[PDB]
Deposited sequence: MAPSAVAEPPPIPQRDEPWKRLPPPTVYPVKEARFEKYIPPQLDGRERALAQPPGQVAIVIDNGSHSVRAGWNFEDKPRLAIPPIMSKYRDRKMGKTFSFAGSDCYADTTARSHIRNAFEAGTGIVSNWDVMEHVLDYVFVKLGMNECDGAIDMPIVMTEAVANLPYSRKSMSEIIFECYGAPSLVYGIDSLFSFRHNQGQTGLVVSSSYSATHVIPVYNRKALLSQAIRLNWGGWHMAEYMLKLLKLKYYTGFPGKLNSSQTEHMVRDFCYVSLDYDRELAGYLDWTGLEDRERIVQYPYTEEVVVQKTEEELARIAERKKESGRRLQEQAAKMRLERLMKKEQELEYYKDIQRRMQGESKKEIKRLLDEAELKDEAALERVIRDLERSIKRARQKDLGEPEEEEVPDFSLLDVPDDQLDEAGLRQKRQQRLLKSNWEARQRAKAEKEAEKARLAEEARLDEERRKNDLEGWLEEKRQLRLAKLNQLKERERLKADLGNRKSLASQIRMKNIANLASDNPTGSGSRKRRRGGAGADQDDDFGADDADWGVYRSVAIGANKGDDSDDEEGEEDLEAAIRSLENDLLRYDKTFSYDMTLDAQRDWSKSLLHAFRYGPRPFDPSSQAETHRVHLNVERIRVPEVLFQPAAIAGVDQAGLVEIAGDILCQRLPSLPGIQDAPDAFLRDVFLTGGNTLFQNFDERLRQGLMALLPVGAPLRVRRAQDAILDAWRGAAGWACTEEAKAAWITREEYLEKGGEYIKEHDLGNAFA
């Protein structure tokens, strides 16, 4: 029988978000900042919903990358409050709160956010004054911008602040002159047309699907697959690492899907992650649900090693495909990524009367940004989808950002002290005049 002939399975330990080590305040950073020329220093904060990334504009990478979470509690066995605001918070009692409203790009728990900023400035080595460049969401809400502005000016006393968009910093860092920027991120997915280095934000679209939604959806699927009761504790922190490690975009979904559970070759369409177990003529071989749940091998509940493992199978491809088929696969009731990009390129930009050489000028650089684009074949899937919509022989190119996570911070850092940026800075006195809803409109920021 085939299962007698198959090799022993290869199995991956479950990964999760974990604390690894303490990092002290980086006092050499404060020293270097005081050594730079005047007006050529800023603190740069890519306020990402998955990671807050922070560092000095004069450096090539962030010094900090931490989740936007706090844990604060009183230890009843010691009588003192403890507070943690990054990966020091182990994501060991996990009283976690998150600055962001879950599944959105918008900050809403300002107490967590203010504790997160406290951690940032402590670990940047500030002890008593520096310009701050901060990324915000596309179309970030005025009330949210006000609250963040109040914190930066009135609590921390910072001299100057500017808000840009992480997507657009990433585009300019990769020499983006004109193009269609496609961002898929933890919070969301965006398509933004950029014309002569200025984003046409009135033409941008948000999908409301992203890396957070994939981890949550992957969790729903696993809890359904093992609804008989998986003995391990399923957390979306684990399913995030599954989506990163194992999922990929299909080049031909229906043709790849319909054969995916075929008993031949399922031996390595499946992938197996093991949870840490506590060690002590019609049958399964013709059933589909055994293949779905347990793959090409016999199963016994006697083995603690063969319980406490999940077999991914169809969700290897079914999870990324929600971006392309949102209503079909997850009821998201929104146009797919290819249909969104197609609508912009085909309908909007040729109609928009100020533009010249549309779509063709944009087709020459469709640009991919944000971590949730890093799936394999994401580019080729997007290219082939657009190629069917664009006129024959259109010079479509799809291009990935270099280092598509940190690169958005590098764009902000390189931009931070340019004259275009310093024209966009708001000073505290301008804030005290105008209040925190006011902004200098500029190429890389909201209206």
field: Parts of the chain sequence, as deposited, that carry no C-alpha coordinates in this structure
entry: 1-16, 108-110, 148-152, 305-600, 768-769
